[PDB]
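Here is the structure we will look at.
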Amino acid sequence: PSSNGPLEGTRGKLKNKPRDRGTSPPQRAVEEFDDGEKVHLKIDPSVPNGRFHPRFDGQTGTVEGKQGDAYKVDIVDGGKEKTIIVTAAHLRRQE
Amino acid sequence: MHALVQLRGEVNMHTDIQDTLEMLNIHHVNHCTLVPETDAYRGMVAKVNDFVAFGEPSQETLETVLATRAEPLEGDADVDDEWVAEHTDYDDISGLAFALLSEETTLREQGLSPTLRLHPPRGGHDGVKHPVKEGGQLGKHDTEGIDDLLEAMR
Amino acid sequence: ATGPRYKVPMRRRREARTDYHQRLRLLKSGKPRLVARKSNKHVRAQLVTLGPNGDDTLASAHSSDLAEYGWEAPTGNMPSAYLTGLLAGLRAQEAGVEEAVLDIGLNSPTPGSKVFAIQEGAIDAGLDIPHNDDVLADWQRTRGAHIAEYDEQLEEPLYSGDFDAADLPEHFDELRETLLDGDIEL
Amino acid sequence: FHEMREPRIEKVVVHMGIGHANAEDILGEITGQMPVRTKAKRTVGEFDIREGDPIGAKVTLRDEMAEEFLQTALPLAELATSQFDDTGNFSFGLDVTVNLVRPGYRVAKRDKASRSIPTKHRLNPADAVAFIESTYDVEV
Amino acid sequence: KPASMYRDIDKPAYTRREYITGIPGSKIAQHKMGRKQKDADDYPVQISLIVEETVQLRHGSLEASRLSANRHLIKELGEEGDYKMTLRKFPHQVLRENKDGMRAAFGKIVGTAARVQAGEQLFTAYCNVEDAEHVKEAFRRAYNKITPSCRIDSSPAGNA
RNA sequence: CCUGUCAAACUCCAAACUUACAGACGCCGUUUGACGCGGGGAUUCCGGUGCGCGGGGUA
RNA sequence: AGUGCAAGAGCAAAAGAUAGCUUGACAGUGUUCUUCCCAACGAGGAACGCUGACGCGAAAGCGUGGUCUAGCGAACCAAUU
RNA sequence: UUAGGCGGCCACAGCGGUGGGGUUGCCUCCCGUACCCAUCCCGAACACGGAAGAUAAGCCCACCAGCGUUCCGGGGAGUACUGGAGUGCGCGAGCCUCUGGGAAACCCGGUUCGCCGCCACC
Ligand SMILES: [Cl-]
Ligand SMILES: [Cl-]
Ligand SMILES: [Mg+2]
Ligand SMILES: [Mg+2]
Ligand SMILES: [Mg+2]
Ligand SMILES: [Mg+2]
Ligand SMILES: [Mg+2]
Ligand SMILES: [Mg+2]
Ligand SMILES: [Mg+2]
Ligand code: NA
Ligand code: NA
Ligand code: NA
Ligand code: NA
Ligand code: NA
Ligand SMILES: [Sr+2]
Ligand SMILES: [Sr+2]
Ligand SMILES: [Sr+2]
Ligand SMILES: [Sr+2]
Ligand SMILES: [Sr+2]
Ligand SMILES: [Sr+2]
Ligand SMILES: [Sr+2]
């Protein structure tokens, strides 16, 4: 890459499909998850805050608690265990 | 139930393809194994499609090979009808051959090594650089084609 | 509408019925919502909770079913609104609900208005609802005093269908008196 | 059917597009109510680079205030077909605009469940000329 | 410059003018010849020159082939003959040349070419049953001025 | 309306395929102790070739 | 369109505009990620918390600067609280 | 749901169009400014108070496909492209065969003029 900031090469993954453009529905921004639940991580282009590092888009982690209204999700980056702080708006239950 | 025989060596073959063979219990050239026709196994053989020869053998052929190449999970004990009867849930080889072909049991379940260590093909094979439809020996065979191979390697 | 790339607002947005930005902030409380609404003739209070396939109303009251307890007056005024909130509130307490956040939809936060009267009502019923006293109309107005004095400037009865001539805020009292009473069939 | 279809006057907006005001006083007399300042947008070569600043004034009249104005304002104009909108509005002259519409226009001016007025309920130039002409004056 | 330098499709598509400046002008004079006021449908015969290999044709080559082709159609049918020929391709691919060793080698802009897939029609003519051989001859001359071998395929024409 | 063409820094579409998690089968581990963890010792940080996909360059 | 400035991205009862008010561009201390994919490494950065004190709002709530990704600096020493 | 409120999905729901519906019921338009409140000017809106009138708007109900969208059949197409393999072809750029996957445009015929949840209600 020519540069190395967090949003490097994220044109696609952080752009909205034209029809999904505009403020997102509140339901998924208020969704509650339980410890142990499996959640897919996917940033919502329309939601500015509560995001994780784009590099983690597509991970399916495990909720292990929360910090304020955000959730602490456990994932394994390659072989390294990491904890990700992420709000409901960027999460989806698995299955 | 299809019979798998490795006909192409490990040198230069993709590692994920080599691990697939090993998971299918084959670790040498000319070694044959019997695999149930499930979706899971289907993907596996499809992946090793270019380094093997497979197909469904006839009851008789399976019986010939078992008689001549089947082995105990351990030991050099010869495997014949008496061995089969005194060690398996069948009366003789045929009962085993039938249960295998009908996918009711596996060589392991009956205290037999999952692998049949065949002999080089008498009179050679059709070549390992081309598939069956092109005159080679690789890929899926006719029950008659597979029987020809398995018998020449009895 | 125009083409593949055209962006159509969410249904409740086209219908101009739901302010999604306010809704979100509302839902962040984690508490139930005291949905205060009003029509030209009626007032409706609902205690809504969040659900998998849509909201869930746990309790509610309509100004219409106010008569069911002794109300012969119009149902689109301050006294009506307060009592409706209180009734809805009381029913709320019955269903196990104990706290709420005022959701006034697309109505304006005007001091002393009806949605605020609905709120004062629901609060008196025993419901814990974040509020601010100096934005609520003074007691008398809630009772309906402002209307009596309006009928004072008579010459022609305020109400067509005779409920009375000089109107009665004292009736409001009789009704509230009845509602705060245990007996009452909620 | 006709009672809820027969036109009316929503608003009469008198205004003087000056360009730098002192004229508020006359409007406050010819109409009857307070006028409002008029701000401009975009910079303009004609010594008009100041974005927000007085440049005009207008007065929107409704109900009686509107009619009591037109009674003495309309006679001061020679209305014509062209001088009309595609919506049924007309403005003559100091500008004088008349906004005509059918009964329930509120449906598009209210906050809750507002909605656009169907083309059928939209007033027409012909339907407008009629109503007006049908009250103290002629057309073209 | 030899065409061997640019005839192959061995480089990314380079056509974005918003990121490329100094692009030389095309040498192709016209893309529609003959009587262009008339429709191609008004002719009983339609013959195309088809490329047999995928390649790149520099605008200099298009101009030469188109020229030596139409020029023949003019000499044999007149400056107003009843026919019409079309060069359906345009040179969108910008070409470079590194003209200082291999250091900072990105080349300067030197021309344009049209990418033609094998089997495609480069030229297409429409004529009357009479001048069918005159157009077949114009094409023979044209394919002698472009890299690939070509097929002179006759579309509407059952007058054999 | 018709008719002629395009895009590494275009996209109304859209693969093969790569990839997170889980279950199943396979293989493996519980005297051959896997997975994980702590500690000692390194060597290494001129690479090359084929194939696939490339970017530069006439090559 | 606008949103200070590259580019790509976000935003419409707003993240834009206008008006009014206000100083959260606040103090203390963390979690996590990033910097440095995997995989150890500082300064710097971000998201998300707790505590304290405040602003605005009816209230939910918003405000840990400017919608997001650039605008940055070790030890020793000096000045400062 | 003989007209209501709060929603979930967020065009299969859009755009446009046709027909039907309301005496003390519902929603509205509607009537009206003493109060709470309101317009940098306007009871337009916001807010409050109310029933003389009305179903013309809106809204709800029934429906139409011309545009947009969703899905489906048939054709394009097992084409384009492609993971694995080859002492197959080609001067070469490149192509072919076997194995496993597999489009897009577009045409023709259908589908689509919302679906669903909670509450309230002759
Ligand atoms: Cl993160
Ligand atoms: Cl309402
Ligand atoms: Mg990309
Ligand atoms: Mg042994
Ligand atoms: Mg051979
Ligand atoms: Mg120093
Ligand atoms: Mg200092
Ligand atoms: Mg009607
Ligand atoms: Mg060769
Ligand atoms: Na969105
Ligand atoms: Na001013
Ligand atoms: Na140099
Ligand atoms: Na740091
Ligand atoms: Na109606
Ligand atoms: Sr190249
Ligand atoms: Sr040639
Ligand atoms: Sr990749
Ligand atoms: Sr921010
Ligand atoms: Sr009015
Ligand atoms: Sr050559
Ligand atoms: Sr298939």
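The figures that follow rest on heavy atoms only: side chains count, while hydrogens, waters and symmetry mates do not. Letters A, B, ... are given to chains in the order of the sequence lines, protein chains preceding strands, and every chain is numbered from 1.
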Mind checking what makes side chain to side chain donor-acceptor pair (under 3.5 Å) contact with D:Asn99, not counting sequence neighbours? D:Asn89
Per-nucleotide protein contact string for nucleotides 25-38 of chain G (B base, S sugar-phosphate only, - none; heavy atom under 4.0 Å): -----BBSSSS-SS
With 3.5 Å as the limit, what N/O pairs link the protein to nucleotides 31-34 of chain H?
residue : atom : partner  : partner atom : Å
H:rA34  : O4'  : C:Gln153 : OE1          : 3.0
H:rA34  : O4'  : C:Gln153 : NE2          : 3.2
H:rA34  : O2'  : C:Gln153 : NE2          : 3.1

First contact, last contact: which nucleotides of RNA chain F are these for chain E, 5' to 3', heavy-atom distance under 4.0 Å? F:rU3 to F:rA59
By side chain to side chain donor-acceptor pair (under 3.5 Å), which residues pair with A:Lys38, not counting sequence neighbours? A:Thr62
Can you pull out the residues from residues 13-37 of chain C that lie within a 4.0 Å heavy-atom distance of RNA chain G? C:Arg13, C:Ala16, C:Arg17, C:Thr18, C:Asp19, C:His21, C:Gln22, C:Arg25, C:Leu26, C:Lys28, C:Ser29
Between the protein and nucleotides 17-21 of chain H, which nitrogen or oxygen pairs are less than 3.5 angstrom apart?
residue : atom : partner  : partner atom : Å
H:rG17  : OP1  : D:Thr119 : OG1          : 3.3
H:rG17  : OP1  : D:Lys120 : NZ           : 2.9
H:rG17  : OP2  : D:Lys120 : NZ           : 3.0

By side chain to side chain contact (heavy atoms under 4.5 Å, CB included) - contacts of C:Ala145 (at least two apart): C:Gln140
For residues 4-28 of chain C, pull every pair meeting ring pair (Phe, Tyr, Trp, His ring centres under 6.0 Å), keeping only residues two or more places apart or in separate chains. none
A:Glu37: side chain to side chain contact (heavy atoms under 4.5 Å, CB included) partners, not counting sequence neighbours: A:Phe33, A:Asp34, A:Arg93
Residues two or more places apart in sequence or in another chain: which of them pass side chain to side chain contact (heavy atoms under 4.5 Å, CB included) with C:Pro74? C:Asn77, C:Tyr159
Under the rule of Watson-Crick or G-U wobble with both distances under 3.5 Å, where | means paired to another strand and [ ] a crossing pair, RNA chain G maps to .((.[.[[[))..............(((((((((.........))))))))).(((....)))...]]].]..........
